[PDB]
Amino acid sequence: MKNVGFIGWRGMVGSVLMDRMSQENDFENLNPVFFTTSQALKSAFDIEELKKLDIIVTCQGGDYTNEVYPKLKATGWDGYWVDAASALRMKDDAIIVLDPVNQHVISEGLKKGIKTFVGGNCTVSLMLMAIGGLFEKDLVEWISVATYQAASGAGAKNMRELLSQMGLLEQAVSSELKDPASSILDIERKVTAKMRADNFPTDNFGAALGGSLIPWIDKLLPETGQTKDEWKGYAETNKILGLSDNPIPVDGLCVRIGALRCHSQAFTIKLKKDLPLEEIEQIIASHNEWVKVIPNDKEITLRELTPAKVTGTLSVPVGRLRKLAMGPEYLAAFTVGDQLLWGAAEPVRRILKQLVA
């Protein structure tokens, strides 16, 4: 059995990984060694204790990886580094994992001698898990995206802030909501007044999220005009698919909405050729066992294609599939997927399973 080290297993992403691993009994397949950054278990900074392991799985973050990874590689360590952080995604000796989509790229990398496997961007990996069949069959020319991102991608304190903001908004008009006769405009004026107040908690977001939205995620990239999160659409979709020689354009706007764990995305996909709707539905459905084609009907979309339904599950529903008014080569698609699972911990758990097998 492989001796595997775990760092950042107590954080949010790390906790989801521990729970998923426990659920699938992944621990009876390896020898787990747990690390801690605390001085109050082995030290996550002890390069010699980390050198003894076959595989290192980290959910600690970029600031840790950027400190520890180069120091450990400097000792001659030929083991595997599995990372949930973004820090190493864009290095040449690193492959971005999402096995139901890029199993061939990972298999070629294990053969080539790649020792660093990093999980992908949440929105990009959730997009590929949904619309993956179109990429396999080379039907994608370009994709325009508009995201509906949850607070979890920004962190734990961010989820708490959103909930606190939601509560303070209702509390502001609690008495008025009780009587069915009260003025709706008055209620609105009071909720907007509370949203705008000095004591309204906006420290983690820098703006109100509950009852609103924030059309900006991460630092600006002056060269393209994109934000770091928006840039990961072009950069990562092509790195995951091994298409760095023939880059398919994926660009759009990344917006933060008041949801807890699920990222939703609206797509305008330009197909290379004109195909029937019934065929496109079967091509999407056949790619993997997690994707779910939701028929363009009201009651079923309301019940299936929402964060309410998908939260805490591995299911990746895709729906609102129809041809757009620009041409029969323009497809409309809307998807919903859990950020902490396929967008964070699940591709990490799955590459580990392959490595310890």
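Residue positions are given as counts along the sequence shown, with the first one as 1.
S.K.: Count of coordinate-less deposited residues separating residue 40 and residue 41, as none, 1 to 3, 4 to 9, or 10 or more?
M.R.: Gap size class: 10 or more residues without coordinates, per the record.
S.K.: Between 202-210 and 168-176, name whichever shows the higher mean Cα B factor according to the PDB entry.
M.R.: So the stretch with the higher mean C-alpha B-factor is 168-176.
S.K.: Going by the average Cα B-factor in the PDB entry, point out whether 3-11 or 348-356 comes out higher.
M.R.: Comparing 3-11 with 348-356, the higher average CA B-factor belongs to 348-356.
S.K.: Quick one: which of 186, 161, 278, 83 has the biggest Cα B-factor according to the entry?
M.R.: Across 186, 161, 278, 83, the entry lists the biggest C-alpha B-factor for 278.
S.K.: Please work out which residue in 261, 256, 196, 272 has the highest C-alpha B-factor recorded for this crystal structure.
M.R.: Of 261, 256, 196, 272, 272 has the highest C-alpha B-factor.
S.K.: For residue 34, return the chain-relative third of its C-alpha B-factor as stated in the PDB record: lowest, middle or highest.
M.R.: Lowest third, going by the recorded CA B-factors of the chain.
S.K.: Based on the entry's values, in what third of the chain does the Cα temperature factor of residue 232 lie: lowest, middle or highest?
M.R.: CA B-factor rank for residue 232: highest third.
S.K.: Hey, what third does residue 320 fall into on Cα B-factor, ranked over its chain?
M.R.: According to the entry, residue 320 has a C-alpha B-factor in the chain's middle third.
S.K.: Could you say whether, by C-alpha temperature factor, residue 151 belongs to the lowest, middle or highest third of its chain?
M.R.: Within its chain, residue 151 is a lowest-third residue by C-alpha B-factor, going by the deposited values.
S.K.: Among the chain's modelled residues, which third holds the C-alpha B-factor of residue 314?
M.R.: Within its chain, residue 314 is a lowest-third residue by C-alpha B-factor, going by the deposited values.
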